[PDB]
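Presented below, as structure tokens, is a lone chain in the form deposited in one PDB entry.
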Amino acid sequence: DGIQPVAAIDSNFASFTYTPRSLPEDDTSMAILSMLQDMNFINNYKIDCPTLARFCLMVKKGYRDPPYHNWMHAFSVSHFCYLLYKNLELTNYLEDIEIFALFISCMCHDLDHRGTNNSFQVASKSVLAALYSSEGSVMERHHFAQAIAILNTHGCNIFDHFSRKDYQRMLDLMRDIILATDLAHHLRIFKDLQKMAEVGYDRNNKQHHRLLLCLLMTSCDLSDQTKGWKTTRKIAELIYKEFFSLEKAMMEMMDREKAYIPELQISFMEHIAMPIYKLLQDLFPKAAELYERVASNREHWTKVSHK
């Protein structure tokens, strides 16, 4: 094969309107390579292509498949990462190595998702946000360690040619970015994010770099919310299907429990999702489209919510 150009996957691959979940699963590894190519990482870092193929195949293979926290989730978060690169022009904000770390983090950040819901930090703001949230910041996870175990598998070391210093910096970035997916982490840095958007992003501030990378990471994880109505509806279904994945009903109870979805999804939008994409828009005028679209989904949910 060799790598496909992004524009050959779909004329709209690079548009916020595009739904990556509609790519057949078998074409997703190739589409990862297409995106790294169009982002100029393969060329600039002179990455061996067979190696990058094996790496990508290896992380895909390492995902469990619950209804929601699965490869397609990872794939679609990665794809949003690419959309932020293309549409917000992140190279004017972050360094190449940070963008690269962000992308690989998207690919890797749910490898050790367990679904053990053991915390009240997110739940206090939104009961459904707690089910969408990745884990690792309150209970220890090994999304990161698993990513490296892959990296150190013969024939998979895509950062082989980096300097020792960039190699540590790459690993530190992944470890920190993967941790930041956990919404408990986001809540804990929220005031800092707010301060950053108030004062204005400062390319020379290393703190601003760290904060932006977390914000972007969480913006990719919840990016299902920035798609069509059908997408939040389908994703809400999946989260449910996951959490009920095993206990004697007192069919019936299942339906009472899905009658709660609208209000939970609205509370999730109002208290967690929308603030995040408000922040992006405050920092990036070109992200207005995204907040508007989440806003519009909150409207449909409200509208539906009188089942």
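Think of the rigid core as the biggest set of C-alphas that the two forms share within 1.5 Å after superposition. Note that residue numbering begins at 1 and tracks the sequence as displayed.
*Asks:* Neighbours in the displayed sequence, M250 and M251 may still hide a gap; how many deposited residues lack coordinates there, none, 1 to 3, 4 to 9, or 10 or more?
*Replies:* Per the record, 4 to 9 deposited residues are absent between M250 and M251.
*Asks:* Mind giving me a quick count class for deposited residues absent from the model between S245 and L246? Options are none, 1 to 3, 4 to 9, 10 or more.
*Replies:* Going from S245 to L246, the model skips 1 to 3 residues of the deposited sequence.
One more form of this protein exists, namely the form solved in complex with a small molecule; it is left out here, but the text below deals with it.
*Asks:* Of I239, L36, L280, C56, which one comes within 4.5 Å of the small molecule in the entry with it bound, counting heavy atoms only?
*Replies:* Among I239, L36, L280, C56, a heavy atom within 4.5 Å of the small molecule in the entry with it bound occurs only for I239.
*Asks:* I need to confirm a contact call. Of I99, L111, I150, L183, which residue comes within 4.5 Å of the small molecule in the entry with it bound, counting heavy atoms only?
*Replies:* Residue within 4.5 Å of the partner: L183.
*Asks:* Looking at heavy atoms inside 4.5 Å, which stretch does the small molecule contact in the entry with it bound, given the options 126-134, 82-90, 166-174, 150-158?
*Replies:* So the stretch in question is 126-134.
*Asks:* Quick one: is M253 in contact with the small molecule in the entry with it bound, heavy atoms, 4.5 Å cut-off?
*Replies:* The answer is yes: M253 has a heavy atom within 4.5 Å of the small molecule.
*Asks:* Is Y45 close enough to the small molecule in the entry with it bound to count, meaning some heavy atom within 4.5 Å?
*Replies:* Looking in the entry with it bound, residue contacts with the small molecule do not include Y45, since no heavy atom lies within 4.5 Å.
*Asks:* Would you check, heavy atoms only and a 4.5 Å threshold, whether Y63 touches the small molecule in the entry with it bound?
*Replies:* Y63 lies outside the contact set for the small molecule.
*Asks:* Residue-level contact is defined here as any heavy atom of the residue lying within 4.5 Å of the small molecule in the entry with it bound; does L264 satisfy this criterion?
*Replies:* Heavy-atom contact with the small molecule at 4.5 Å: present for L264.
*Asks:* Has each of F120, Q225 and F243 got a heavy atom lying within 4.5 angstroms of the small molecule in the entry with it bound?
*Replies:* Yes, the whole trio is in contact, each within 4.5 Å by some heavy atom.
*Asks:* Which one of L187, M170, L88, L131 is the only residue whose C-alpha moves by 2 Å or more between the shown form and the other one, after superposing on the core?
*Replies:* Single residue meeting the criterion: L131.
*Asks:* Comparing between the shown form and the other one on the rigid core, is the C-alpha shift at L57 2 Å or larger?
*Replies:* After core superposition, the displacement of the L57 C-alpha between the shown form and the other one stays below 2 Å, so no.
*Asks:* Core-aligned, does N117 move its Cα 2 Å or more between the shown form and the other one?
*Replies:* The answer is yes, as the C-alpha of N117 shifts between the shown form and the other one by 2 Å or more after core alignment.
*Asks:* Any chance the CA of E263 moves 2 angstroms or more between the shown form and the other one, core superposed?
*Replies:* It does not, since the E263 C-alpha is displaced less than 2 Å between the shown form and the other one after the core fit.
*Asks:* Which way does the C-alpha gap of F75 and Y132 go in the entry with it bound, closer or farther, given it changes by 3 angstroms or more?
*Replies:* Compared with the form shown here, the C-alpha atoms of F75 and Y132 sit farther apart in the entry with it bound, by 3 Å or more.
*Asks:* Closer or farther: how do the Cα atoms of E135 and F75 compare in the entry with it bound relative to this form, given a change of at least 3 Å?
*Replies:* They are farther apart; the C-alpha distance rises by 3 Å or more in the entry with it bound.
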